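Read the structure below first, then the notes.
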Amino acid sequence: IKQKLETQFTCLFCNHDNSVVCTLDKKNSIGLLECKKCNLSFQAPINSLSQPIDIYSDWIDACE
Amino acid sequence: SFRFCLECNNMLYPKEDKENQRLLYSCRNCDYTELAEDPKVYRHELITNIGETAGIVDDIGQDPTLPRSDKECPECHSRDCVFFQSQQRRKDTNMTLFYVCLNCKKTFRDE
Amino acid sequence: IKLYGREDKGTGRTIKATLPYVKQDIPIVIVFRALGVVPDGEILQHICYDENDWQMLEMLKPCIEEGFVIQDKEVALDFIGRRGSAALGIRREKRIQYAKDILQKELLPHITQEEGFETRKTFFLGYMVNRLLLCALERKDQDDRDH
Amino acid sequence: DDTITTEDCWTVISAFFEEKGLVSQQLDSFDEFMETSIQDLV
Amino acid sequence: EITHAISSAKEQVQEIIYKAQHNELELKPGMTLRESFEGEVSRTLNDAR
Amino acid sequence: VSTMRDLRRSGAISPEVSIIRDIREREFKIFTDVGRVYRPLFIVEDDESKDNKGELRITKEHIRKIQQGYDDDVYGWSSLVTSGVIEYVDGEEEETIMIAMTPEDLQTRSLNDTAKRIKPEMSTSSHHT
Amino acid sequence: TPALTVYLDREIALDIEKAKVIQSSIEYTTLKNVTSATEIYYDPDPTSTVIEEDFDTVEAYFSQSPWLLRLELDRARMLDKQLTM
Amino acid sequence: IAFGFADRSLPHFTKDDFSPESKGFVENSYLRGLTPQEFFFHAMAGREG
Ligand SMILES: [Zn+2]
Ligand SMILES: [Zn+2]
Ligand SMILES: [Zn+2]
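In order, the protein sequence lines correspond to chains A, B, C, D, E, F, G and H. Residues in the first sequence are numbered consecutively from 15, following the entry's author numbering. Residues in the second sequence are numbered consecutively from 3, following the entry's author numbering. Residues in the third sequence are numbered consecutively from 247, following the entry's author numbering. Residues in the fourth sequence are numbered consecutively from 9, following the entry's author numbering. Residues in the fifth sequence are numbered consecutively from 679, following the entry's author numbering. In case it helps, the entry's author numbering puts the sixth sequence at residues 590 to 662, 675 to 711, 719 to 737. In case it helps, the entry's author numbering puts the seventh sequence at residues 1115 to 1177, 1190 to 1211. Residues in the eighth sequence are numbered consecutively from 776, following the entry's author numbering.
Now the structure itself:
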């Protein structure tokens, strides 16, 4: 079953903190970051061990 | 004894070759593959006896805390050995003794 | 170093470790790779000194497969750096370099703390796993805390 | 030579307490702390 | 008399060790070999005293 | 281990060091740790290369010098430790040694006094070392 | 220490042979209790076997997946518990 | 008495010794006096009480 989790991470674009939601689909190995504010979306691959800090880390490197 | 890969060195996994109808051992990080010598792939022993004879060494006779016996060695017929019950730590383990000749190091019992 | 899986319960019977200042347990194979020895065949050559016995190998089987997808040093170190969850936004260019301190120092500091000596920690780690499985294989009693 | 008797055993034991007394593990431990351990801690 | 009864009890305990190590010992119901062995020795020694 | 043991019995290595050979587990452990609890024992000669074997290394000559206080060209307790007649063992090394309870038990004997206490038979091992 | 005290009908209670029959029917026996070893072979030909040990067994008997599950029963525990193949 | 030490009860015995004297049988009476091995075993049982 998918996991819809709220986090305390700051969006890299709109800068609103505590407004990034992480949807981790392990059945297809696809993780999804969403803002609740500006609502920018970012997709990245996840394994079985990943957690909201794993894809949010991949989002920091995808920008820089 | 499990086998990996002589190049990549990754643990090779058994996989069937459907077209030639033969068992292979395939890698998972590269394309190396080789023929299987053994049709057996996995064994699970429920009533096991492995490990009882596992603890055998060359300096066990230098341990002065071990008791000594008179039993005749089958090989060299020496009158000097150390003995010990099974080193298997199961609860149902027998109490039968193993004797070790200090010359040829063979392990026998009193049955 | 905890061995999960109960008797015929726990499915994959893998082994994860606990490191100082890291949140949730990390599988053993990952930390072996994270120290500079990724080769599986080399990993098993550091732990079990008896290729003949199947049992001292069947129990390490699930540990390999649950840490298979981490196939090199860099992505291994990165994962450890994310586990700590300190200062969200550390990044890979540096989150590796923060985890390399948690591996060099703190983790087994009694062996050494100077650089370029990671061969001693990798060899020692294999010894621990070896001792762990001997007790789980009922080939050695658990230690007596009152000795 | 000859065999060690019971009285001879007490001669050995007497030599122990003559040199070390009963509280030497307290005194030697503290002495090592003043001579060396304080310096190393600094 | 006292010394004899204790001496003979030590011999019976030797026999029990011999039997258990040569697979000639009766197993008590509900008990492993080592439990049965330990049980028989205890009964012998308390009856000896 | 024999070489290392002889270095402790002479004084080259500090007498409080532990030298522990675990033969079964194929491990050799040495401890110079602070805080180990230890006790002294008489050393028994165990090498089958001398007539000394089976007897105490300490003799009345050492006992003679102890009461005098000097050697015949301070001589106290620690003089015995660095001359190989007494060594210290801690709990870990104690696991690997075989200790006789009194000097009289080092040698076999030739009673029936109904008042005095019975000494154990010790008939499970044929010969003790 | 959970325990049941199971009294038996009078006619059965004074005949030890009938009581043993009751014993074996109450006692839980799983397949795991009587199994000594399990094996997994690659036996690609369904009508034959690479195993020389089971050659005369399967050849005379016979007169899907290539993977074979081969499990061995312990003769002693099967004999004591009075179970047939 | 359990094998506190590896396969033995006290360092004055050889390993794998299951005889009466090895595992805590006190043969002497209090009148006769206890031997040193017996003494410690008696102090173990007494402590537990
Ligand atoms: Zn946003
Ligand atoms: Zn490969
Ligand atoms: Zn021989």
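Positions of the beta carbon are idealized from the N, C-alpha and C atoms, including for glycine.
query: Taking 7 Å as the cut-off, is the CB of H30/A close to at least one heavy atom of ligand 1?
result: yes
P16/B - containing beta strand (DSSP E), residue span: 15-19
query: For a contact meaning CB atoms closer than 7 Å, what does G799/H contact in chain F?
result: Within chain F, no residue comes near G799/H; the closest Cβ sits about 12 Å away, beyond 7 Å.
- request: Could you please tell me which residues of the stretch 309-327 of chain C, in chain order, have their CB closer than 7 Å to any CB of chain A?
  value: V315
- prompt: By Cβ distance below 8 Å, which residues in the same chain neighbour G658/F in space, the five residues on each side in sequence not counted?
  reply: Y676, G677
- prompt: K319/C and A280/C look like a contact to me (Cβ under 8 Å); what is the Cβ gap, rounded to whole Å?
  reply: 7 Å
- request: Take the Cβ of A332/C as the centre, count every other Cβ of all protein chains shown within 10 Å, and call the residue buried at 16 or more, exposed below.
  value: exposed
- prompt: Hey, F86/B and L68/B are a contact pair by Cβ (cut 8 Å); roughly how many whole angstroms apart?
  reply: 6 Å
query: On the three-state DSSP scale, how would you describe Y1121/G?
result: coil
field: Reference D661/F; option with closest CA among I632/F, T722/F, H651/F, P629/F
entry: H651/F
task: Would you mind telling me which residues of chain H sit closer than 7 Å to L723/E, beta carbon to beta carbon, in chain order?
output: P795, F800
message: Below 9 Å on C-beta distance, what does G808/H contact in chain F?
response: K724, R725
8 Å Cβ cutoff met for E113/B and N701/E: yes
task: Select from the stretch 63-77 of chain B all residues with a C-beta closer than 8 Å to any C-beta belonging to chain F, and list them in chain order.
output: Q64, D65, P66, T67, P69, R70, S71, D72
query: Opposite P273/C in the DSSP bridges: which residues?
result: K262/C
query: Hey, would you say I632/F sits closer than 8 Å to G685/F, going by beta carbons?
result: yes
message: With a threshold of 8 Å, are at least 3 pairs of Cβ atoms found where one atom belongs to the stretch 604-623 of chain F and the other to the stretch 337-355 of chain C?
response: no
- request: Take the Cβ of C36/A as the centre, count every other Cβ of all protein chains shown within 10 Å, and call the residue buried at 16 or more, exposed below.
  value: buried
query: If we ignore side chains and look at the alpha-carbon of each, how far apart do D36/D and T621/F end up?
result: 17 Å
- request: Enumerate in chain order the residues of its own chain whose CB-to-CB distance from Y27/B is below 8 Å, with the five nearest sequence positions on each side excluded.
  value: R5, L14, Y15, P16, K17, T35, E36, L37, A38
task: Look at the alpha carbon of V31/D and the alpha carbon of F25/D, and state the distance between them as a whole number of angstroms.
output: 10 Å
- prompt: What number of angstroms, rounded off, separates the C-alpha of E704/E from the C-alpha of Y1121/G?
  reply: 27 Å
- prompt: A322/C and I276/C: beta carbons closer than 8 Å?
  reply: yes
- prompt: If contact means a Cβ-Cβ distance below 7 Å, which residues of the stretch 41-55 of chain B contact chain G?
  reply: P41, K42, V43, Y44, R45, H46, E47, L48, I49
query: Can you tell which of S733/F, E693/F, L707/F, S680/F has the C-alpha that lies nearest to the C-alpha of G624/F?
result: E693/F
message: Can you tell me where the beta strand (DSSP E) holding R1196/G begins and where it ends?
response: 1193-1199
field: For ligand 2, residues whose Cβ lies under 5 Å from any non-hydrogen atom
entry: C7/B, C10/B, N12/B, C29/B, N31/B, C32/B
Reduced DSSP secondary structure (H/G/I, E/B, other) of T1163/G: coil
- request: Return the residue from the list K269/C, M374/C, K262/C, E311/C that minimises the CA-CA distance to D286/C.
  value: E311/C
message: Pop quiz: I647/F and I12/D are said to be a contact at Cβ under 8 Å. What is the actual Cβ separation, rounded to whole angstroms?
response: 6 Å
query: Can we count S71/B as close to ligand 3, meaning its CB is less than 7 Å from some heavy atom?
result: no
query: Do the stretch 1137-1155 of chain G and the stretch 39-52 of chain B touch if we need at least three Cβ pairs shorter than 8 Å?
result: yes
query: For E74/B, is the beta carbon positioned less than 7 Å from some heavy atom of ligand 3?
result: no
message: ligand 1 and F56/A: does any heavy atom of the ligand fall closer than 7 Å to the residue's C-beta?
response: no
query: Going by Cα to Cα distance, which pick from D636/F, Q656/F, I608/F is closest to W18/D?
result: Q656/F
- prompt: What residues in the stretch 610-627 of chain F bring their beta carbon closer than 8 Å to a beta carbon of chain B?
  reply: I612, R613, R615
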